[PDB]
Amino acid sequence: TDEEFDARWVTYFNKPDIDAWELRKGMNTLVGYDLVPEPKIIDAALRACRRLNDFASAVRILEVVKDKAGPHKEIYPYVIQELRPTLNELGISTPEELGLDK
């Protein structure tokens, strides 16, 4: 299912000792698919970035969620809404909040 694919990916990013190679491989693999990843995958990815002390890759992950949406301009706003508690809690600023969209 959709559900089973999602849960594999959430589980992947949740590995407590996930390393940096593994985080990059995860995200680079994921954006090859015909899909914008679900909030709960991105959530799990962001928290890996946290465990890995990697703020920049957290920002880049949000940019690539936007990018994968293409001309469908409702998916990014939406995923951000769903990520806000995690963004607030980890102090992850958005690309827009950083001026990285200009």
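From 1 onward, residues are counted along the sequence shown.
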**OP:** Looking at the entry's B-factor column for C-alpha atoms only, identify whether residue 39 ranks in the lowest, middle or highest third of its chain.
**Re:** middle
Original post:
For residue 25, does the deposited CA B-factor place it in the lowest, middle or highest third of the chain?
Top reply: lowest
Original post:
Can you tell me which third, lowest, middle or highest, the CA B-factor of residue 64 falls into for its chain?
Top reply: middle
Subject >> residue 92 - Cα temperature factor, lowest/middle/highest third of chain >> reply: highest
Original post:
Against its chain's modelled residues, does residue 79's Cα B factor rank lowest, middle or highest third?
Top reply: lowest
